[PDB]
Amino acid sequence: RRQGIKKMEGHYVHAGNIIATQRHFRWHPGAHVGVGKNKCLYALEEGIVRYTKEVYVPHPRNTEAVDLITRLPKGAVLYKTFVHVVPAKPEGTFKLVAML
Amino acid sequence: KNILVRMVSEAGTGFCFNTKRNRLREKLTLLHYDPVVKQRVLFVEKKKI
Amino acid sequence: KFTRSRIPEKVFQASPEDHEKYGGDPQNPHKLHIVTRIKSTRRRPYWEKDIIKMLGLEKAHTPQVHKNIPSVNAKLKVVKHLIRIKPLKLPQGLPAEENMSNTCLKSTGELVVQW
RNA sequence: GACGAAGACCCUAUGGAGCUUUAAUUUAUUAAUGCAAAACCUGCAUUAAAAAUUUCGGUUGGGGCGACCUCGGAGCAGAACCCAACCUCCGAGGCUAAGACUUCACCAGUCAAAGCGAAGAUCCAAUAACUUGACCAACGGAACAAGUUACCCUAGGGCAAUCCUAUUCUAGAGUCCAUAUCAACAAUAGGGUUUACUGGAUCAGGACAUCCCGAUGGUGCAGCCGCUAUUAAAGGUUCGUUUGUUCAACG
RNA sequence: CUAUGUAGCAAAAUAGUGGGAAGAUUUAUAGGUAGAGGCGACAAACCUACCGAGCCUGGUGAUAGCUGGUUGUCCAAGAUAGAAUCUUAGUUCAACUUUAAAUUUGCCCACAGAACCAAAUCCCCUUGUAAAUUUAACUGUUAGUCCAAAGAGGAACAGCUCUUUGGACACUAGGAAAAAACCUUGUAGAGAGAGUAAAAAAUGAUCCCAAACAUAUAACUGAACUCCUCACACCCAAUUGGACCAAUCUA
Ligand SMILES: [Mg+2]
Ligand SMILES: [Mg+2]
Ligand SMILES: [Mg+2]
Ligand SMILES: [Mg+2]
Ligand SMILES: [Mg+2]
Ligand SMILES: [Mg+2]
Ligand SMILES: [Mg+2]
Ligand SMILES: [Mg+2]
Ligand SMILES: [Mg+2]
Ligand SMILES: [Mg+2]
Ligand SMILES: [Mg+2]
Ligand SMILES: [Mg+2]
Ligand SMILES: [Mg+2]
């Protein structure tokens, strides 16, 4: 089945490469990390992968999460893991095309 | 309970694909995509499969 | 199961009782280790055969020199039970481009010139 | 004693030869009919008998009986990946395109930025077609083949949960009293339990955990004998009726 | 029916004891039935010594996932993931191995990092190293045993089936008595040199089983490990690469 990380921290991942294959949401998508229908995480932008811990604010459109956050004491928060890809190359450059 | 039926179009004929329909339901017609002209056309069933 | 062993760092902490028991000193440590193998690689896991093959310790006693830097100590902490480490001693300094061919290593670990 | 120099028994082979069939395929040959052919033979079809060719999946209590055979989810497999089970518990049968993942092969399988447009295999048959289905569930699938070989042949392989017994607390008894006797449970010891879902004659060697003979202690034997206990293996340890998993009964 | 005989006088006899012996008897002579056939007072009995299917020649060098074999010298690399299969006595793919060739990173590895519901593992900067990937081309092995450990099954046992991490064996040598699996040790030759490694016990059934020793200073002994003088390709199975070559014929 092999539902685990496939690009670990500090790895150079190109566009479209799968970062993590999972069953439940162990690792939530972050910056430049997209999700598929099967919860696979894939790298949208070429770069370097990092993992972080952040605050969780679910979609109100979702129901199984918008209510549990409604059951938490003052000063509470649901922290969760995220996997980002800091992009490496810039979008583009400008080069002389015509001298007229 | 359900039957696969070869649905065919009317304008830009020749299309065929086996779609599903509940057997308890009567003859089926839909508005969907014909790529010969790439337009919305009425597709109707011809023969159950 | 049987697994690699991660030695807690607490053991590698010389005490005030150990320092006067061997000829060492906390401050101003020693440049080079002279290391010899006194045990067989056979009958031991492969992650020690490879380490020994990497430190040049393939042959038996046959002393060999290595830096005293943590990148090598991490390797010697895995094979510390198949080797004897002594500190090289230079009571006459590094040899010059003359006296390279007239050196000698005594059993106490001192490198000297012209026997 | 040199496992001293024919014959059996168990298992295997996509070996062989059979037998029976309500196992699969056939009617070529015969016999009936039926239809055309010029009172008989020729051709076609249907029905039957008679045969002919052919096969006997896999894991397994103890081989058989009986289940299951593909895919999926939970512990083993505590924390990247993978890891068995007839181990442990349950169900299912729009087009184009950078990059990647994978059920440890392959075959299959899986995700997907941007961009353009709309919101259970192969082969076969029917097919103009756009493509299409059942079986293949023994679920990597012979297109269609069962029961059985006590007449078989060849190539080959072949430190016990539950318990039995003795010593420990005596605690329960024994007309009074644990020690004259059983001594319940347990504990400490030495020893086995394979079926369900090999004797006799002949000669015997040996141990003692002793049946007798020998020596000793206590006795509730007041005494021979009895009872238990220690010691003792030099010697001995019957003849018959019925019957042969080998014992048992009886004189 | 018994005894002899069992390479015997004989590939079924001898000696005795027995059944029939005017009948469904026994027998000489010529002919007939021919192998999926004959014949059979059915026993799978007999058809020229061996018939659940004669014998000979041919197809035939039948086929054989099975058994057995496989021939000069020397050197070198060289071993136990797995999947499918009328498949587990075999094959194909992978993994591992070998050779030739191309290229540049491979292994070890701290800090950082991998979830909500104990051992460790994964990943890389450095560092010690010199290997690794890729391409071309083939064969061979494959579901091994024991020991330490963590689990599942059988007690937490039955020396029990299975999964996983490691070691060893199938390679050398020395020890524990003999000793594949424990401990010590590897790269190979000559030496009538040397230093070491491991390594000694405490307080039921043929016939016990080294002999002995309480008190003279702890060191010594002990390998193919290492050093020494010289020389070096000269200690694995299956497989793979290489250097030589006996004898015969020909130019
Ligand atoms: Mg077979
Ligand atoms: Mg057969
Ligand atoms: Mg599972
Ligand atoms: Mg599997
Ligand atoms: Mg795959
Ligand atoms: Mg798009
Ligand atoms: Mg099958
Ligand atoms: Mg299968
Ligand atoms: Mg042959
Ligand atoms: Mg086979
Ligand atoms: Mg070699
Ligand atoms: Mg790294
Ligand atoms: Mg040597």
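Residues numbered from 1 in each chain as written, not as in the entry; some residues may be left out. Chains lettered and ligands numbered in written order. Part of a larger assembly, values for the part shown. Heavy atoms only, no water.

Draft legend 1. How the structure looks around the overall build of chain B. The number of helices and strands found in chain B is zero helices and four strands. Scanning chain B from its N terminus toward the C terminus, one meets helices and strands in the order β-β-β-β. Dimensions along the principal axes, computed over C-alpha positions, put chain B at roughly 35 × 15 × 10 Å. Residues counted as buried form 22% of the 49 residues belonging to chain B. For chain B, contacts bridging at least 24 residues in sequence account for 37% of all contacts bridging at least 6. Placing the 12 positive and 4 negative side-chain charges of chain B at their respective mean positions leaves the two points 7 Å apart. (Helix = DSSP H or I, 4+ residues; strand = E, 2+ residues; numbered from the N terminus. Buried < 20%, exposed > 50% of the residue type's maximum accessible area, 1.4 Å probe, protein only. Contact = heavy atoms within 4.5 Å. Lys, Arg positive; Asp, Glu negative; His and termini not counted. Charge placed at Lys NZ, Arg CZ, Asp CG, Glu CD.)

Draft legend 2. Examining the pairing of strand β6 (residues 47-55) of chain A more closely. All names here are of chain A. Across two bridges, strand β1 (residues 12-13) lies against β6 in antiparallel orientation. Bridge assignment links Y12 to a residue of β6, and that residue is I48. Bridge count between β6 and strand β7 (residues 79-87): nine bridges; the pairing is antiparallel. Opposite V55, over in β7, you have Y79 as the bridge partner. (Pairing = 2+ DSSP bridges.)

Draft legend 3. Spatial organisation of the arrangement of the chains. There is no contact between chain A and chain B; across them, the least C-alpha separation is 24 Å. Here chain B and chain C are not in contact; the least distance found between their C-alpha atoms is 55 Å.

Draft legend 4. Highlighting the sheet that holds strand β4 (residues 39-48) of chain B. All names here are of chain B. Taking strand neighbours across the sheet as the criterion, the four strands line up as β2-β1-β4-β3 in an open arrangement whose pairing is antiparallel. The open sheet is flanked by β2 (17-22) and β3 (29-34), the only strands paired with a single partner. If you compare each strand with its neighbour and ignore which way they point, the axes differ by 50° on average. (Axes fitted to C-alpha atoms, helices over the stretch in contact; angles between N-to-C directions.)

Draft legend 5. Focus on the protein's contact with RNA strand D. Looking at RNA strand D, there are 21 residues lining it, with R2, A15, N17 and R26 of chain A together with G14 of chain B nearest. Expressed as a percentage, the sugar and phosphate content of the atoms of RNA strand D within 4 Å of the protein is 82%. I18 of chain A places a polar main-chain atom, nitrogen or oxygen, 3.0 Å from a sugar or linking oxygen of RNA strand D. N18 of chain B places a polar side-chain atom, nitrogen or oxygen, 2.9 Å from a phosphate oxygen of RNA strand D. Classifying every residue of the surface near RNA strand D by side-chain character gives six nonpolar, seven polar and eight charged. (Near = heavy atom within 4 Å. Polar contact = N/O pair within 3.5 Å; in protein donor to acceptor, adjacent residues only side chain to side chain. Nonpolar A, V, L, I, M, F, W, Y, C, P; charged D, E, K, R; others polar.)

Draft legend 6. Examining the nonpolar core more closely. Residue and element names in this part refer to chain A. Judged by nonpolar contacts, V13, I19, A20, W27, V33, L41, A43, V49, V83 and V85 together constitute the single largest core of 10 residues. When residues of this core are traced back to their parent elements, those giving at least two are β2 (18-20), β5 (41-43) and β7. Those residues within four positions of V85 in sequence are excluded, and the remaining contacts are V13, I19, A31, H32, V33, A43, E45, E46, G47, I48 and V49. (Core = buried A, V, L, I, M, F, W, Y, C linked by side-chain atoms within 4.5 Å.)

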